[PDB]
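A.B. asks:
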Amino acid sequence: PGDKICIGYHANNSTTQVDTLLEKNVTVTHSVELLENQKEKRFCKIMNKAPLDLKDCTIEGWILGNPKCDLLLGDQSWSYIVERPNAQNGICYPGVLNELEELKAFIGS
Amino acid sequence: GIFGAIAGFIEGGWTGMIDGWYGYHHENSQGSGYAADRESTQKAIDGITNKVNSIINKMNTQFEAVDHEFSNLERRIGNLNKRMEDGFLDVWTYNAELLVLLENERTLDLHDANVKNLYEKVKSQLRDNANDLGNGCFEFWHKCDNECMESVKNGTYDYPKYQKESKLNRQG
Amino acid sequence: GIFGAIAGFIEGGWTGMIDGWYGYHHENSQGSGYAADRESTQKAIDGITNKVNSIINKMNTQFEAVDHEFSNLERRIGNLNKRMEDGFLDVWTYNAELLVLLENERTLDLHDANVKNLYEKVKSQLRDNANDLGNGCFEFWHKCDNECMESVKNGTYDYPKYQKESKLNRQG
Amino acid sequence: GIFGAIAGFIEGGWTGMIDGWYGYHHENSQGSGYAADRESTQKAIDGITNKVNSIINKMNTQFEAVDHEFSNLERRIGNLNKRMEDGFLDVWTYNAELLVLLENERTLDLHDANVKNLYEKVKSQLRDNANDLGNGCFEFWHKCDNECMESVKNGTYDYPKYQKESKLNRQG
Amino acid sequence: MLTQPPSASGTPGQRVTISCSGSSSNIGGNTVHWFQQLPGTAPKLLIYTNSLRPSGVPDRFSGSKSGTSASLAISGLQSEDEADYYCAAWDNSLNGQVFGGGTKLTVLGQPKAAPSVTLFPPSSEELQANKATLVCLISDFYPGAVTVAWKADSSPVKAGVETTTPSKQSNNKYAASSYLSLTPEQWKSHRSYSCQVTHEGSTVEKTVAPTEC
Amino acid sequence: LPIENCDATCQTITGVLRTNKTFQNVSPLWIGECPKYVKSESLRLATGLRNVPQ
Amino acid sequence: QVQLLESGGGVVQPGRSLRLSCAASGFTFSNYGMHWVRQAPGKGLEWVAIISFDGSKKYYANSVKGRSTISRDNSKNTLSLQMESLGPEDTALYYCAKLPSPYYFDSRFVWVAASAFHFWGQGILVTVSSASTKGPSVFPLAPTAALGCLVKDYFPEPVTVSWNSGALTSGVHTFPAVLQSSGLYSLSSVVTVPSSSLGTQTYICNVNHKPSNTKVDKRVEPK
Amino acid sequence: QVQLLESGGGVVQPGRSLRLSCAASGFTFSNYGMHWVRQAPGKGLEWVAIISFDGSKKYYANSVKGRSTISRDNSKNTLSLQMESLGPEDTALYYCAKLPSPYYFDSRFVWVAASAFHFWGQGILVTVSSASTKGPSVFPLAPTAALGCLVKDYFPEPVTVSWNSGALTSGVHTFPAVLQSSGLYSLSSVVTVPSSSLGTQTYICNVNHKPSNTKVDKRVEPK
Ligand SMILES: *[C@@H]1O[C@H](CO)[C@@H](O)[C@H](O)[C@H]1NC(C)=O
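Residue numbers (this note's numbering), protein chains in the order written: chain E, 8 to 116; chain Z, 17 to 188; chain L, 17 to 188; chain S, 17 to 188; chain F, 5 to 217; chain X, 13 to 66; chain B, 6 to 228; chain D, 6 to 228.
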């Protein structure tokens, strides 16, 4: 019988919910997540430069030259160094490497 | 809600309108359908885009922190490092989370405010040429053509063209 | 104010109404008194409760810090510890204080917005069956029964039941 | 905008009015000109002044930090100092910048809200004694004297004094 | 009253979900709330105002309310969630609270261990207590199904049997006990009491036969 | 963790974050331009409005 | 948790009238609306009664609408209830407990609170049938092994069967009450044990038939 | 940047019909509205064509309103274009590129994005006149000094004149194409050099007349 017009807003099948000081777990139309928790559980390059690994030794036996860590040798370059926790080839002849923590810090750079 | 538009006197949204955020829906013997509002939706999208862009820009400053090796006699420096890094983590986490909450709040408020503003614009353009309902819908007293429909959509509705017409058709 | 409801066109609050935050007051020969609005007051209380709960939740992260003993030759580490702890204290204090201020601001704004929304709902339900004053009070043109009073409180007021009645009683 | 007053249904501002922030402009054969609103402008200025004062007060807490000399064997303590100072700088910069953005947002919103509140006050005082346009301007049905103009400026406009006069003059 | 699903299931770290439906009188009008009843314990408040966690600060629990429906969700769902769950609303049409009565759940418990059976007849105090009662017990097994058979001298009784505890909140250890009460005029005159427990996890029958010695 | 032939721009202690997001919850220790580490689980920003379909 | 205690629990006879109560403490109580809820033994709950901070709104249940009558003394900080017309259809546990209710049941000053009293006080069992209070009989069972105690001939299930008066729970199991043909319920409780602590540490199961206030214990020893 | 590639470029004859296309990759493409823009050789741009994520809105230009026809395959992730009535007035480069457009051209799900696809894919040159594909001729010039190579008799300017196949750019200069009276354009490219690497490191200029797919190179050596 009569003419009509309405003023509405967009709705869809969106089920992604957001939170708010007043109401929480409220379904919104478009939500953008800012946090990233999914990762590739491996070690990649940085600036296309190959990292360094020991896999049986420590940094101590590496720069001291333990005969069982001679795979790392000569002129080398890297971006970051990986040290395995259960390594067994470290300081062979017992002693104390002075300022070892500062040495590791200076080697990391 | 706060402005009463979203989930208020306009209870449900329109699952059909996929041409924009805020828009109208008209149904007469000449035709039926939804039609979004270009300017209001584009302005809201621009505001939201600038908000998100600024939020990500001001947060790009990375706090670098690595755990150096600490000796047996460096318990104090280790505890200092731990406390500093944990405090920075707590500060950043709190800031980000509460910013997210407050921004979602004021964003939804801005959305329903835009809806109410569009409704009140349509109201002010149809002072007495149309009756109002409790669902954000207007019932023209004189039947409008689709050209009048667009003239209301664009906001160029002409009042003296239909003043006497609606004044005559309104009583019967 | 911002919405003009609290301390605006409704100057004073009602010391008598203790049944809720926002409510009505009606006085006719059938009866007199205040009566709160259940839904709006409960929604405002829910919003405030969630706000306070989230504020306390996101702030529960404690920054642990103890002052270890520093020697005569540890002036630098002591100054570093002092600067770190003082900076964290300043950051937390500033954040908490400014959050408190802004939250009180927007909370009072939300309260007066709820008041104005209730008033505008009552206005939209009584388009021409009642006159409006400058104090948020409505004067029914036709006298309403207490059942009509509740039908306005719940929002189920029927317009065509009193249209002609108010149209006749409005001129005299 | 959000409230539609500034850059909305009132498109342009008045370069002439330099007596206040929000005000009226009236032009009849008796006289013409702009005139600011004392109470609303003073209230907005008070709010802005308190906002700025609190912002500067809660930010006066200075984070002191100097770079002590670190030896060849103090690379770790130097890196810790650098990371702590850089993190504090990032936190303070982010906080200040985002506070500035949000505060400018809500301040402009408060300004246009004050404009809309003044317009709606003038609307509620002139229920049917004046017609409304789409530019925030009111056209009195009966011609008002300058004394009526002030009575609207101060808000003491008397309705029953001009009710029948406007009711008679409105049709012709 | 209210509606409530029967049960729920999910592996540890699978985000178990539970629903709660009502009407416009209870759920569509007012807020809902949740409750958790640990086995045999006075229960606690789970969630109020449809999303809020109380000062008990349980983080893994999530609440949602959408019109006529409400939803509870648990991420991770460690073994400390083996308990009854309950949903409630206000029923604005009536006045008092309304409850969806009863929903339990179970976690993915890998049943590699068969139940350990123990069969020991009582002592002379039971003989002097005017009635004899022999028991056979099983414990530390995942699924609720377990079959017990009584045999008094290779002959069962016309109907007398077991009971079963809820899920052990530590390591999903269900347990059951079968009771067999007979009179002393029918207890000592038999020469071999036996109970045979059969279960899906067991390959063969678990027979425990105590002799009257 | 092993070393694999992989090209990335952001290397963390417990993996790789090859993303454009601004935050993360993996770890604070990294090399490159990695997102910021936070204790949060999700940082969803509502860009639209309340979804109320019919 | 906060301070709570009950009064009136046990085993009451049918056809008579019941008068139960509960009193809490720890902080202010004269400004909160309290709840009374039911729990059928096994599975099932059903809300029962509400009470305001002052007592204006009564608002009883549907099943007992106008059948009971609750009351509270905010000067004594107690919540009591008197009801007649009792039958076995109400045999169940009942809890006095603060649940999230609409705002008007709580006081004008406590409409907002960080922790809205997640309190839910303990339970009170009532069981009505043609029976009385009897004496419980505990029989232990002797042979890594496992040993247990059975509790027969005690009417309700109010006992938390304890071992050495609350000593061992890492590997214990408490089974529900068992009925067959008698008037009183039987029950079992078990606990594992290695093969090195059979005679050294004496193990005694301690029970309590509270309607009889029993503390009859039993040491478990082999042949 | 993201993955992009073109198809149909080169030198086409006038009066015929053209059919160009471009395909991108790197992430989803079936949900964005793409653009086609023009660039007159030297100075001047002019937008040409739009296309939605689905193809509803066509909305051609003014200069070619209804003259061309664009299309896209979102299952193949490609954007093609077919046009007739070609003349030398359209001799120019053209880019398929995402530019900031109104929201309705983009999908319903991508109305908001942090980085709104600042992509602007590469160019595709089309030159229509009375000519064909010829063979380029490279002449080097020999004498801190400077040496160069001239490329004459090659029709378009598609070559990135390279030295030792992309070796030196710190001090090189690539000059625009030069016409005088012939049908094909001449061009120069220069690079400085110290007085200590004239005969040690051999320097070769490498060009590519792509419409002929030439790789004719030339070593530069003095008398
Ligand atoms: C909110 O509750 C819903 C339950 O439907 C859950 O899926 C979601 O993860 C919760 N959190 C957010 C932020 O939506």
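All C-beta atoms in this analysis are idealised placements derived from N, C-alpha and C, irrespective of residue type, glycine included.
1. Taking the straight line between their C-alpha atoms, what separation do you get for residue 158 of chain L and residue 126 of chain B?
2. In the DSSP assignment, find the unbroken alpha helix (DSSP H) run with residue 18 of chain B in it and report its ends.
3. What is the rounded straight-line gap between the Cα of residue 116 of chain B and the Cα of residue 118 of chain F?
4. Any heavy atom of ligand 1 closer than 7 Å to the beta-carbon of residue 32 of chain E?
5. Do residue 79 of chain F and residue 139 of chain F have their CB atoms nearer than 8 Å?
6. Check whether the Cβ atoms of residue 100 of chain B and residue 93 of chain F sit closer than 8 Å, and answer yes or no.
7. My guess is that residue 96 of chain B and residue 132 of chain B are in contact by the Cβ rule of under 8 Å, so how many angstroms apart are they, rounded?
8. List the residues of chain L that residue 18 of chain Z touches, going by C-beta distances under 7 Å, in chain order.
9. Taking only beta-carbon atoms, is residue 168 of chain D less than 8 Å away from chain Z?
10. Just the Cα atoms here: how many angstroms apart are residue 12 of chain D and residue 25 of chain D?
11. Find the residues of chain S that neighbour residue 109 of chain L, judging by a C-beta separation of less than 9 Å, and give them in chain order.
12. When the Cβ atoms of the segment 161-179 of chain Z are set against those of the segment 24-34 of chain L, are three or more pairs found closer than 8 Å?
13. Taking C-beta pairs closer than 8 Å, name the residues in chain Z that residue 102 of chain S reaches, listed in chain order.
14. So which residues of chain E does residue 16 of chain X contact, with C-beta pairs closer than 8 Å?
15. Does ligand 1 have even one heavy atom less than 7 Å from the beta-carbon of residue 62 of chain L?
16. Does the contact criterion of 3 or more C-beta pairs under 8 Å hold for the segment 67-75 of chain E versus the segment 47-62 of chain X?
17. Can you confirm whether residue 178 of chain Z, when its beta carbon is compared against all beta carbons of chain E, has any partner nearer than 8 Å?
18. Given the structure, does residue 24 of chain E come close to ligand 1, in the sense that its CB is under 7 Å from one of the ligand's heavy atoms?
19. Run the proximity test for residue 62 of chain X: is its beta-carbon closer than 7 Å to any non-hydrogen atom belonging to ligand 1?
20. Under 8 Å between the Cβ atoms of residue 106 of chain B and residue 59 of chain F?
21. Relative to ligand 1, is the shortest distance from any of its heavy atoms to the C-beta of residue 17 of chain L smaller than 7 Å?
22. Which residues mark the beginning and the end of the beta strand (DSSP E) in which residue 106 of chain F is found?
23. Does the beta-carbon of residue 86 of chain D have 16 or more other beta-carbons within 10 angstroms, so that it is buried, or is it exposed?
24. Just verifying my parser: in three-state terms, what is the DSSP assignment at residue 25 of chain X?
25. Express the C-alpha separation of residue 120 of chain F and residue 198 of chain F in angstroms, rounding to a whole number.
26. Short of 6 Å in beta carbon distance, which residues of its chain neighbour residue 136 of chain D, apart from the five on each side in sequence? Order them along the chain.
27. Please work out which residues of its chain come closer than 6 Å, Cβ to Cβ, to residue 210 of chain B, disregarding the five sequence neighbours upstream and downstream, and give them in chain order.
28. Looking at chain L, which residues of the segment 17-37 of chain E have a Cβ within less than 9 Å of any of its Cβ atoms?
29. Consider the Cβ of residue 35 of chain Z: report whether some Cβ of chain D lies at a distance smaller than 8 Å.
30. Count the C-beta pairs between the segment 48-61 of chain S and the segment 76-88 of chain S that are closer than 8 Å, then say yes if the count reaches three, no if not.
31. Could you spell out where the beta strand (DSSP E) holding residue 61 of chain L opens and where it closes?
32. Would you say residue 112 of chain Z touches ligand 1, meaning its beta carbon is less than 7 Å from a heavy atom?
33. Quick one: measure Cβ to Cβ for residue 127 of chain F and residue 179 of chain F, integer angstroms, because I've assumed they're closer than 8 Å.
34. Tell me the rounded alpha-carbon separation between residue 94 of chain D and residue 103 of chain D.
35. Between the segment 25-54 of chain Z and chain E, which residues of the former have CB atoms less than 8 Å from a CB of the latter, in chain order?
36. Could you tell me which of B:214, B:27, B:213, B:208 sits nearest to residue 227 of chain B, measuring between CA atoms?
C.D. replies: Quick answer:
1. As a first step, residue 158 of chain L is located in the third sequence; it is residue number 142 there, counting from the start. As a first step, residue 126 of chain B is located in the seventh sequence; it is residue number 121 there, counting from the start. One C-alpha to the other measures close to 53 Å.
2. As a first step, residue 18 of chain B is located in the seventh sequence; it is residue number 13 there, counting from the start. Run containing residue 18 of chain B: none; DSSP gives neither H nor E here.
3. As a working note, residue 116 of chain B is residue 111 in the seventh sequence. As a working note, residue 118 of chain F is residue 114 in the fifth sequence. Going from the Cα of residue 116 of chain B to the Cα of residue 118 of chain F covers about 54 Å.
4. The count along the first sequence starts at 1 and reaches residue 32 of chain E at position 25. Taking 7 Å as the cut-off, the C-beta of residue 32 of chain E counts as close to a heavy atom of ligand 1.
5. By one-based count along the fifth sequence, residue 79 of chain F stands at place 75. By one-based count along the fifth sequence, residue 139 of chain F stands at place 135. Contact: no.
6. Here the question's residue 100 of chain B lines up with position 95 in the seventh sequence. Here the question's residue 93 of chain F lines up with position 89 in the fifth sequence. Cβ atoms of residue 100 of chain B and residue 93 of chain F: not closer than 8 Å.
7. One-based indexing of the seventh sequence puts residue 96 of chain B at position 91. One-based indexing of the seventh sequence puts residue 132 of chain B at position 127. A Cβ-Cβ distance of about 5 Å is found for the pair residue 96 of chain B and residue 132 of chain B, placing them in contact under the 8 Å criterion.
8. Position 2 of the second sequence holds residue 18 of chain Z. Going along chain L in sequence order, the residues near residue 18 of chain Z (Cβ under 7 Å) are 126, 129.
9. For the purposes of this step, residue 168 of chain D is taken as residue 163 along the eighth sequence, with counting starting at 1. By this cut-off, residue 168 of chain D is not an interface position.
10. Counting from 1 along the eighth sequence, the entry for residue 12 of chain D is found at position 7. Counting from 1 along the eighth sequence, the entry for residue 25 of chain D is found at position 20. Within the model, the alpha-carbon separation for residue 12 of chain D versus residue 25 of chain D is close to 6 Å.
11. Reading the third sequence from its first residue, position 93 is the one you call residue 109 of chain L. Correct list: 74, 77.
12. Touching, no, given that fewer than three Cβ pairs across the two stretches are closer than 8 Å.
13. Against the fourth sequence, residue 102 of chain S aligns to sequence position 86. 79, 80, listed in chain order.
14. For the purposes of this step, residue 16 of chain X is taken as residue 4 along the sixth sequence, with counting starting at 1. Neighbours of residue 16 of chain X on chain E, chain order: 49, 50, 51.
15. Locating residue 62 of chain L in the third sequence gives position 46, where the first residue counts as 1. Every heavy atom of ligand 1 is 7 Å or more from the Cβ of residue 62 of chain L, so no.
16. Touching, no.
17. Walking along the second sequence from the start, residue 178 of chain Z turns up at place 162. Not one beta carbon of chain E lies nearer than 8 Å to the beta carbon of residue 178 of chain Z.
18. As a working note, residue 24 of chain E is residue 17 in the first sequence. It does: the Cβ of residue 24 of chain E is within 7 Å (strictly closer) of some heavy atom of ligand 1.
19. Locating residue 62 of chain X in the sixth sequence gives position 50, counting from the first residue. No, the beta carbon of residue 62 of chain X sits no closer than 7 Å to any heavy atom of ligand 1.
20. Along the seventh sequence, read from residue 1 onward, the residue named residue 106 of chain B stands at position 101. Along the fifth sequence, read from residue 1 onward, the residue named residue 59 of chain F stands at position 55. No. Outside cutoff.
21. To locate residue 17 of chain L, count along the third sequence from 1; it is residue 1. No - ligand 1 has no heavy atom lying nearer than 7 Å to the Cβ of residue 17 of chain L.
22. On the fifth sequence, position 102 is the one that residue 106 of chain F refers to. From DSSP, the beta strand (DSSP E) with residue 106 of chain F extends over 102-107.
23. For the purposes of this step, residue 86 of chain D is identified with residue 81 of the eighth sequence, where counting begins at 1. Counting other Cβ atoms within 10 Å of its Cβ, residue 86 of chain D reaches 16 or more and is therefore classed as buried.
24. By 1-based counting over the sixth sequence, the position of residue 25 of chain X is 13. If DSSP states are grouped into helix, strand and coil, residue 25 of chain X belongs with coil.
25. Position 194 of the fifth sequence holds residue 198 of chain F. Position 116 of the fifth sequence holds residue 120 of chain F. Whole-angstrom Cα-Cα distance: 16 Å.
26. Translated into positions along the eighth sequence, residue 136 of chain D becomes position 131. Hits under 6 Å: 160, 188.
27. Here the question's residue 210 of chain B lines up with position 205 in the seventh sequence. Only residues of its own chain outside the window of five on either side were considered, and among them 154, 168, 223 have a CB closer than 6 Å to the CB of residue 210 of chain B, listed in chain order.
28. Cβ contacts with chain L: 26, 27, 28, 29, 30, 31.
29. Translated into positions along the second sequence, residue 35 of chain Z becomes position 19. Closer than 8 Å to the CB of residue 35 of chain Z there is at least one CB belonging to chain D.
30. The count of Cβ pairs closer than 8 Å, one atom from the segment 48-61 of chain S and one from the segment 76-88 of chain S, stays below three, leaving the stretches out of contact.
31. Counting from one through the third sequence, the residue named residue 61 of chain L turns up at place 45. Taken as a continuous stretch (DSSP letters only), residue 61 of chain L belongs to no beta strand (DSSP E), being part of the alpha helix (DSSP H) at 54-74.
32. As a first step, residue 112 of chain Z must be located in the second sequence, where it is residue number 96. Checking the 7 Å criterion, the Cβ of residue 112 of chain Z is out of range of every heavy atom belonging to ligand 1.
33. Stepping through the fifth sequence from its first residue, residue 127 of chain F is reached at position 123. Stepping through the fifth sequence from its first residue, residue 179 of chain F is reached at position 175. That belief does not hold up - the Cβ atoms of residue 127 of chain F and residue 179 of chain F are roughly 22 Å apart, past 8 Å.
34. As a working mapping, residue 94 of chain D is identified with position 89 in the eighth sequence. As a working mapping, residue 103 of chain D is identified with position 98 in the eighth sequence. Between the alpha carbons of residue 94 of chain D and residue 103 of chain D lies a distance of about 25 Å.
35. For the segment 25-54 of chain Z, which is checked against every Cβ of chain E, the residues closer than 8 Å are 26, 28, 29, 30, 31, 33, 34, 36, 37, 38, 39, 40, 41, 42, 43, 44, 50, 52.
36. As a working mapping, residue 227 of chain B is identified with position 222 in the seventh sequence. For the residues B:214, B:27, B:213, B:208, the minimum Cα distance to residue 227 of chain B belongs to B:208.
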